[PDB]
Amino acid sequence: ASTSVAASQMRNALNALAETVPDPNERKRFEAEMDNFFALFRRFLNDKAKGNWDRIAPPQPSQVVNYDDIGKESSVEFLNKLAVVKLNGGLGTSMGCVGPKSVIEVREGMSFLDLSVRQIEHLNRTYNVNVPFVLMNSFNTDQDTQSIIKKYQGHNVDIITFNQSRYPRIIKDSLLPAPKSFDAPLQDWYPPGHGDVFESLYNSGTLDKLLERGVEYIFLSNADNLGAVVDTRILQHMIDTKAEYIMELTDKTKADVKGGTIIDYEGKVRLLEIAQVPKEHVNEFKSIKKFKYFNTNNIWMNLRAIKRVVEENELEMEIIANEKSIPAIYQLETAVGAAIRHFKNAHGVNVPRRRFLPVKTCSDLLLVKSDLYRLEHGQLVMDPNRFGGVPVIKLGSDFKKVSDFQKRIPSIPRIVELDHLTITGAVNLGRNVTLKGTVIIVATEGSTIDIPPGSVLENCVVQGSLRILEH
Amino acid sequence: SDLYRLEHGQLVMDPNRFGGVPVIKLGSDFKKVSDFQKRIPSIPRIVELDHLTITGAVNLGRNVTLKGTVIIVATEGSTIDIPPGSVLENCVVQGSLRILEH
Amino acid sequence: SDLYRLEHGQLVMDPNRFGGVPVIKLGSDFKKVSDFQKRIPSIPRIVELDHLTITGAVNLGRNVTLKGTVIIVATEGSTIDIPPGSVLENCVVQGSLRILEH
Amino acid sequence: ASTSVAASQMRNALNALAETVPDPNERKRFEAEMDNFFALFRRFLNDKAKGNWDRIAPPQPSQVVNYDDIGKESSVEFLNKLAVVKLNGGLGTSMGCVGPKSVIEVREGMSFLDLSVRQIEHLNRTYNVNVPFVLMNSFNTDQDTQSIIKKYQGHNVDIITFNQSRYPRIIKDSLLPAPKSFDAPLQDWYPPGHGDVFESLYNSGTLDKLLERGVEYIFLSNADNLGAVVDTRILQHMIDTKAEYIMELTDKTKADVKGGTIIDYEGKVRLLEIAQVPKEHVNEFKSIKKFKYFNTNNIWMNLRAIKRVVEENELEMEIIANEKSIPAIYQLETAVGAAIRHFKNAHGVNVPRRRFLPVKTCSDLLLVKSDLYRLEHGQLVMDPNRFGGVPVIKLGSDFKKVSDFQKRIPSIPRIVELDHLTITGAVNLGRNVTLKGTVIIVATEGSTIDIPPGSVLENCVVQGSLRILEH
């Protein structure tokens, strides 16, 4: 009974916000937006009252296509109908940086956004075609974004921006929205999951704006994955298979045992994570067998398919519950891959790892700024002279914040011919440091190790304390 | 060191060296000529060096370059293994650092 | 270790082991085969181990299990007595720990 | 087949040594002595070639008599037939002391042997009876023993001494006796287990010497257990039950989980230890249930029964194999309790723990020298004011040798009202130190803690380093 009472109170609270609003257009948007959460909230309570490893069958050979099997490059003429959409909801707060994550620099002063545009520019200049580049922004970044985007004026680049849905936070105890007024503080709201993209594209009118230029194929990728470069080869497979949803996949490395994996689920290709795998089978799920692929989040989609699922309202997503404590609330989120099940001819492709190089933590930023990578017209390609895979770098807990990183490593060490590197404690690397083979540095608790400039280290362990002060 | 060249058996200082000979004063640990080969397997480059002091256990790897003034003061009883290729310019070095093969 | 089994005198690695053989590199203290029996009275379980480094005085108790990468760096001159039954997963270990019978 | 070959070679080697002998009396002794080992060696190989927890049934209520149930003290008249025999095979080498263990001092300069005689002396003077006191010596101690025993001359004390069997060491590889000649070095011989007492008493003529004074009851106890005082109460139970073998037992404490325990074995009361309990059940055997008693080694026996088992050759013992490395060899030994099976009406008595206080290690010598015990005419009785059991004292590895003990603890600390004490590392205790409750001392590795004189410690942890040097 309490569920119906809560639903009634929730409905009245959701409607009360919709009643206190200054403009009709906002009311229309807010009503449709807020009415979706009422249904979600109902399912959430119902799904908890209702609460299968047997159904977790391995992906059949028919469900995965190999990149080496795809045919010749797609003709330039077909690129006019392609479209690229980027998630732009990440703040630099994740890495202790001010502003949006997209604005933080990576190499030679360029921002992560800069490379994307630069990649778009490379396509237009090589064939004189204008691929639309849409940014799914967030309320936390739009204000900073609206400022910085002006730097891209002039240059032949069609930039369009929109803000995703702004749902309010729901009080954990009362199960009611924390904000009362329409102009309530941002702390009362949170951005929902990636799946909001489909409706957001429509609700903002971007779908019309996109349809206005006749784009038929949509490509999504996270701004954090610099490897998501436009490759005309993949578009041909799409044009041939006319699939409604194609996800790029990669073979799980030792570090990719965790994270989502595609499941056949009786042909109806699905996905699952630790968020829903039963604890009694997580160890089984972590086995290298049966689950050999993971979700890269690089996805190719049909714009009219997106329209149809929205027009049909068939879009139903796996709710993800997150909690926070406002100085307690619940948040509902969704994944970009979960939509795979509701699409015809939906199947995946396995691509070489050169397409997945995320920048989530300090250990990544060092690899990209080193001499191991070179930028050509905005594309990062590893030196063909490098044998084996990428070297493993794992810095200690002292290098968490991106600001401090510049203090301890004023110049990036030469990492060619390096095999494995571990750094723990206070370590300062001078200029022109060369590392070869395996290098293990373990600073004494509370002491500092100042690696002398010009140092050449080969297969050795370093431990102790060394101070270098100017005479 | 590389500061001297042998011609038909005569030592002549490099005409490129400005000023007098640099002052080198090693600590009490390097007294015996036999041990000298253990701690300094390869002589460091001493061109452009001004003054050098070494006290305590100091091991110099190959291709070490010293410029200006270099003062090395090892902790009593501990050892300082200067990593190979090190380039030192006008600075004081103190502490302990072990380099063991992996 | 438990990674190999002998059948009529032939060694074949367990087909369950993925990838190549794990890399093991013990420190300079374990040179002599006699001492080896003192510090490692029972071989640690090495299935699912990826990389292991041991430097300095390290004593491994019985039923020690190592998973992923394990780096043990003993303090110069001190000893680390890994307690029996220890299960280590992807971590660095440094310090000194003595286990004496009550 | 190899067993017969080894037995044949052993026989020839044993007989060859017995043939090369200077005197007939030795030949008589050596022939009987050496012939016993041939039979033992045969059984050893046979038992090894042949190689039951199901049969390990708990002791039935009929197998154990309680000390509180035994009747009134036995009348003085019945004491003329009692006899006490002591094992005197322990060397001070076990505790890093020179000479026999029996000679090392315990309190006020008295040796462990001194107290035994002193206990006998008190008994003879209170009733004018002369109980014979026989010492089962060893070749390792007789030479020092023959010297020191002279100090007991004059005083009304009948002292008789004899040496137990001297068996040769058997080479591990050849399975042959290591010594060749008759005058071979002592390193080629070893004293066998306690069970050798029965034959040794006979073969030495001591049985005649005892029978010559009409003694009918024999009592055995180890010289190391100062609690083995002659108590006329137990002799009455013997006179009443006329049992052929009575062993004193005590309830296993937390420290007595290990060590031998009586087993009913279908009425045929036996004993077993880790030496024969199956490894798959040792953990089960260590449980507090089923095995609640352990062997104290205090045993009461009938002298004519001992004679009969020797005359009848019914004496069969559980062989114990021990190994040594002469600067490898095998040694065969037996336990004083195992003989229980070959005796009629053999049953045990459970006595209060005041009868078991061994002196095996440093932790024992501290308890006995403290103010917690007082000596009256040579008998130790704990102060009736002490509540609870004896306090637990466990000194660290630095106090192993008895010589060093005098350096770090020049005066014993007051231990009344002490509950638990732990000492690790270099700790020096000054004079007049008082400990109350629980005291934990943990010295820093390599440093020393000099507890200042007069210190009073109550329920506390002590850690650090403190030096006291004369001004």
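Every read-out reported here was derived from the displayed coordinates using simple, explicitly stated rules and does not represent laboratory data. We place every Cβ from the backbone using ideal geometry, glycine too, and count neighbours over all the protein chains shown.
If you place +1 on the Cβ of every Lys and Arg, -1 on the Cβ of every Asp and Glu, and leave all else neutral, what size is the dipole of the protein assembly as shown about its Cα centre, to the nearest 20 Debye?
So the dipole magnitude of the protein assembly as shown works out to roughly 380 debye.
Tell me, how many Å apart are the Cα centres for the range D:202-233 and for the range A:357-402?
About 87 Å separates the Cα centre of the range D:202-233 from the one of the range A:357-402.
Filter the chymotrypsin sites (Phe, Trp or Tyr not before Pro) in the range C:13-48 down to the DSSP loop ones having no more than 13 other Cβ atoms within 10 Å, then list what survives. Show your work: numbers first, answer last.
Working: sites: C:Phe18, C:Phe30, C:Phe36; in loops: C:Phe18.
Answer by residue number: C:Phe18.
In debye to the nearest 20, how big a dipole does the range A:1-359 give about its Cα centre with +1 on each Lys and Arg Cβ and -1 on each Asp and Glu Cβ?
So the magnitude is around 640 debye.
Evaluate E = 1/(1 + (r/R0)^6) for A:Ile326 and A:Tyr127, where r is the Cβ-Cβ distance and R0 equals 45 Å; express this FRET efficiency to the nearest 0.05.
After rounding, the FRET efficiency stands at 0.35.
Okay, helix-only estimate at 222 nm for the protein assembly as shown: each DSSP H run of n ≥ 4 adds -39500 (n - 2.57), divide by all residues, round to 500 deg cm²/dmol; what do you get? Please list the in-between numbers first.
Numbers: 24 runs with 256 residues, N = 1146.
Taking each H run of at least 4 residues, the total per residue is -6500 deg cm²/dmol.
Which distance in nm do the two modelled labels at B:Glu101 and D:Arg374 give, with both placed 7 Å along the Cα-to-Cβ direction?
The two pseudo-label positions are separated by 7.2 nm.
Would you work out the Kirkwood radius for the range A:1-112? I mean one over the mean of 1/r across all pairs of different Cα atoms, in Å.
20.7 Å
Using a 10 Å Cβ count of at most 16 others and DSSP loop calls, identify the longest part of chain B lacking such trypsin sites (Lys or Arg not before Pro).
Here the longest run is B:63-102.
Within 10 Å of each candidate Cβ there may be at most 16 other Cβ atoms; applying that plus a DSSP loop requirement, which GluC sites (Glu not before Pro) in the range D:137-226 survive?
Passing sites in the range D:137-226 are D:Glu212.
Mind checking which of C:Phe36, C:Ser78, C:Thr53 is farthest towards the positive end of chain C's charge dipole, using Cβ charges of +1 (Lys, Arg) and -1 (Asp, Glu) about the Cα centre?
C:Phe36
With label points built 7 Å along Cα→Cβ from the Cα atoms of D:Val390 and D:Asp173, find their separation and express it in nm.
Once both label points are built, they end up 4.6 nm from each other.
List the equivalent ellipsoid semi-axes of the protein assembly as shown in whole Å, largest first, each obtained as the square root of 5λ for an eigenvalue λ of the Cα gyration tensor.
83, 42, 31
How many percent of Cα pairs in the range A:216-361 exceed 18 Å?
On the way: 6595 of 10585 pairs.
Result for the distance tail: 62 percent.
Say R0 is 60 Å: what FRET efficiency, to the nearest 0.05, do B:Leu6 and A:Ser403 get from their beta-carbon distance?
Between B:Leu6 and A:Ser403 the formula returns 0.65.
How large is Rg over Rh for the range D:365-471, taking Rg from the Cα atoms and Rh as the Kirkwood inverse mean of 1/r across Cα pairs?
0.97
Set the bar at 19 Å for Cα to Cα. Now go through B:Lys38/C:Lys25; A:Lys48/A:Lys172; D:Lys86/D:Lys324 and name every pair that lies beyond it.
Too far apart for the 19 Å limit: B:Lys38/C:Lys25; D:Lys86/D:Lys324.
Given the C-alpha centroids of the range A:268-330 and the range D:25-51, what is the distance between them in whole angstrom?
80 Å
For the range B:20-54 and the range A:57-132, write down the distance between their C-alpha centroids in whole Å.
Going from one Cα centre to the other spans 58 Å.
Along the Cα-to-C-beta direction of D:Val76, a point sits 7 Å from the Cα; which residues of the range D:107-134 have their amide N less than 11 Å from that point?
D:124-129
Using a basic spin-label model with each label point 7 Å from the Cα along Cα→Cβ, how many nm lie between D:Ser94 and D:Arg431?
3.4 nm
Would you be so kind as to identify which of D:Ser74, D:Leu115, D:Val351 lies farthest towards the positive end of the dipole of chain D, taking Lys and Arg as +1 and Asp and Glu as -1 on Cβ and the Cα centre as origin?
D:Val351
Which three extents, in whole angstrom, do the alpha-carbon atoms of the range C:22-68 cover along their principal axes, largest first?
Largest to smallest, the principal-axis extents are 28, 20, 15 Å.
What are the GluC sites (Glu not before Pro) within the range D:80-188 that DSSP puts in a loop, where the Cβ has at most 12 other Cβ atoms within 10 Å?
Sites meeting the loop and neighbour criteria: D:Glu108.
Find the percent of Cα-Cα distances in chain A that exceed 42 Å, and round it to a whole number.
Across chain A, Cα pairs with separations above 42 Å total 24 percent.
Just for chain A, what percent of DSSP beta bridges are antiparallel, to the closest 5?
Values: 31 of 77 bridges.
Counting DSSP beta bridges with both partners in chain A, the antiparallel share is about 40 percent.
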